[PDB]
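Whatever order the structure lists them in is the order used to number ligands and atoms, beginning at 1. The chain is numbered in sequence order, starting from 1.
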Amino acid sequence: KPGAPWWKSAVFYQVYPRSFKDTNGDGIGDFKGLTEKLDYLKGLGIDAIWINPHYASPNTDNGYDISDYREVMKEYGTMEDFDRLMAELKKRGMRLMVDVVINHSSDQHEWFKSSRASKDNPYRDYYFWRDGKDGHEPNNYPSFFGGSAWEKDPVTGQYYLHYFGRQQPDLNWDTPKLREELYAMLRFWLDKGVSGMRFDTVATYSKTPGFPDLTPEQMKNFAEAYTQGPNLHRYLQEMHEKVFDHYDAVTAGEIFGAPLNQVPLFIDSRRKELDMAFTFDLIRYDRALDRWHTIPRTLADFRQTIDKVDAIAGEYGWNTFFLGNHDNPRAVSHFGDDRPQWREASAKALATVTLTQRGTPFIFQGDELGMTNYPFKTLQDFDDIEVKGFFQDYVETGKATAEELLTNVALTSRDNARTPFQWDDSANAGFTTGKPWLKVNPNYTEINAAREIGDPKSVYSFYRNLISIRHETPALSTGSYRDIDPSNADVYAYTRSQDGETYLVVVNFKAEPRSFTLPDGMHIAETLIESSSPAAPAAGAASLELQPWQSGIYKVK
Ligand SMILES: O=C(CO[C@H]1O[C@H](CO)[C@@H](O)[C@H](O)[C@H]1O)[C@@H](O)[C@H](O)[C@H](O)CO
Ligand SMILES: [Ca+2]
């Protein structure tokens, strides 16, 4: 019938430009660095790149505090450099997705400087200003990055709202003039050729009228509460109608905090809101409610979450799929086994998973090499503003010791994902000729692009091969998905089907040998690929013998 939109069959790579490639030795990656490496990304098989924020910013939160939405961050380069990136991507037939951060701006944005000057400034309701209560904050709202979500301003005596950093005042979507300004800013980039937009914390745009205090229950999970604004979808539909209706850009919502069952409201194509979702049920499936502790899970929980998420897409919706990003620990460390003897095998098995999932996959920079968490030794080793927030909220309050915080954030901190890309084994893994803004992982001597690119057996080569297979196998992108045994906690097994063709994906998550018995009436037809396998099954095989961390994709009859 109709073909599938390009984005449903594409493979995306996420670049965090601050930590990708530096070309002027200042220790921070830039545009020229990324443009120099498009041949590398093209070679991997990448169709589209999502870059983290690249706009003018004080960098209190590395790009997510934007001080001017129409200028390029001075660290990344100039507008000319940005256009050059765009041109060079097009030459390779690649597409760019930019990050859109409009839940909040920097406090150095001209809007907010105006806003805070007086209660009668024309920009006063571009943000949220309220009177304190009982000599306190307007209410009990906590901030993601520590302390109250209300900062008092001596200039007027009132408090402004900030879900995140104090230097990230929330934008007031209730004001139509603000919305119209945001819509114009979006066109500015869209008119430049941008192929896609990912929306930062898209679900927190609408605020609760009256700002009543959160219940104690709500305080336990405040992130979810902030996604329950009564006008949220009215605003997203308006944005689609006034902007995305006139372009052919793909839209991707970061739906952080929302209960899974509300996700279809964002992505159902009929609702004319967003095209794709980034959900966090999977990546935070073993994260405690405080967002820094870990809870033990098994493969059963992993696969069951996936099943739930996939079913939420339904017939008219569409999911992204990812195992890593700039806000989360490294995929091989988190979901695999980063011990030296299991790192490569487990990193390949997760690749097999990532690239055979129903949805649009995003590969986070470095995971194609099998980069790992970083061995943090003290709390001063973290740049992240969110860790400082945990220290404020849990250490300074005596709820936990600094040692307890450290033990735990070492495994969960975003900074695990932000150590410089490991290009070779020159000084600082070839990321910079100067001093990196965040220290490079010492394992760069073993884990680096230059060593993997030539080696047919490397983690890179395996990802490259999977990207080829997927590209050539329609059922592996847009096919149906079925978990064969949601209760099995050793071996992940499922099928992808399209137009009478069925493929079986089988992945041992155990560091021990395991067996797998195919469903009654199903038999192996071909073996497309395996990792950690000494021999493929035989045509006709009705069961599989699996090595530790073995993965494979098979066409069945
Ligand atoms: O609220 C969000 C959305 O993150 C987005 O919004 C944040 C602020 O703009 C930014 O820091 C992130 O990098 C961006 O992706 C959570 O991811 C939260 O920041 C925290 O990481 C969860 O424990
Ligand atoms: Ca630089």
So is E254 close enough to ligand 1, meaning a heavy atom under 4.0 angstrom away?
yes

Return yes or no for this condition: an N or O of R287 is under 3.5 Å from an N or O of ligand 1.
no

Quick one: the OD2 of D30, the Ca ion (ligand 2), OD1 of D26 angle, rounded to 10°, please.
170°

Are side-chain N/O atoms of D281 and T305 paired as donor and acceptor at under 3.5 Å?
no

Which angle, to 10 degrees, forms at the Ca ion (ligand 2) with O of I28 on one side and OD1 of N24 on the other?
150°

If we check ring-ring contact (aromatic ring centres under 6.0 Å, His included) with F20, which of these qualifies: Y40, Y76, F431, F421?
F421

A quick test of your reading: do over 12 heavy atoms of other residues, nucleotides or ligands sit less than 6.0 Å from CZ of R234?
no

For atom 6 (O) of ligand 1, grab the closest protein heavy atom and report residue, atom and distance to one decimal in Å.
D200 OD1, 3.1 Å

So that I can check it, does any N, O or S atom in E75 come closer than 3.0 Å to the Ca ion (ligand 2)?
no

For ligand 1, is there an N or O atom under 3.5 Å from any N or O atom of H104?
yes

So, 3.0 Å as the limit: is an N/O/S atom of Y76 located closer than that to the Ca ion (ligand 2)?
no

Among all protein heavy atoms, pick the one closest to atom 12 (C) of ligand 1 and tell me residue, atom and distance.
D327 OD2, 3.2 Å

Which one holds for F145 and ligand 1: side chain close, backbone close, both close, or neither close, with close meaning a heavy atom under 4.0 Å?
side chain

The residue among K207, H162, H104 that forms side-chain hydrogen bond (donor to acceptor under 3.5 Å, both in side chains) with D170 is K207

Is it the side chain (CB and beyond), the backbone, both or neither of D61 that lies under 4.0 Å from ligand 1, heavy atoms counted?
side chain

Looking only at protein heavy atoms, which one is nearest to atom 20 (C) of ligand 1, and how far off is it?
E386 OE2, 3.4 Å

Step by step, would you call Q262 with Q228 a side-chain hydrogen bond (donor to acceptor under 3.5 Å, both in side chains)?
CA-CA 10 Å; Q262 288 173 14; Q228 304 297 291; 3.0 Å; yes

Within the 4.0 Å heavy-atom shell around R414, which atoms of ligand 1 are there?
10 (C), 11 (O), 12 (C), 13 (O), 19 (O), 21 (O)

At what distance is the nearest protein heavy atom to atom 19 (O) of ligand 1, and which residue and atom is it?
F164 CE2, 3.6 Å

As an exercise, identify every atom of ligand 1 less than 4.0 angstrom from a heavy atom of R198.
15 (O)

Only one of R116, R130, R124 passes side-chain hydrogen bond (donor to acceptor under 3.5 Å, both in side chains) with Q158, and that residue is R124

Numbering as shown, the atoms of ligand 1 that approach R284 to under 4.0 Å (heavy-atom distance):
21 (O), 22 (C), 23 (O)

When you measure from the side chain of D310 to the backbone of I306, do you find a donor-acceptor pair of N or O atoms at a distance under 3.5 Å?
no

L41 and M94, any side-chain heavy atoms less than 4.5 Å apart:
yes

Hey, do the aromatic rings of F362 and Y13 have their centres closer than 6.0 Å?
no

If I take every N, O or S atom of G27, is at least one of them less than 3.0 Å from the Ca ion (ligand 2)?
no

Is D26 paired with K435 through a side-chain N to carboxylate O contact shorter than 4.0 Å?
no

Of all the N, O or S atoms in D22, the one nearest to the Ca ion (ligand 2) is OD1

Below 4.0 angstrom from a heavy atom of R418, which ligand 1 atoms are there? Numbered from 1 as shown, please.
13 (O)

Can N325 and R414 be said to form a side-chain hydrogen bond (donor to acceptor under 3.5 Å, both in side chains), step by step?
CA-CA 8 Å; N325 67 17; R414 327 196 276 190; over 6 Å; no

Ring centres of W150 and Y163 under 6.0 Å apart?
no

Just jot down the ligand 1 atoms closer than 4.0 angstrom to any heavy atom of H326, in number order.
12 (C), 13 (O), 14 (C), 15 (O)

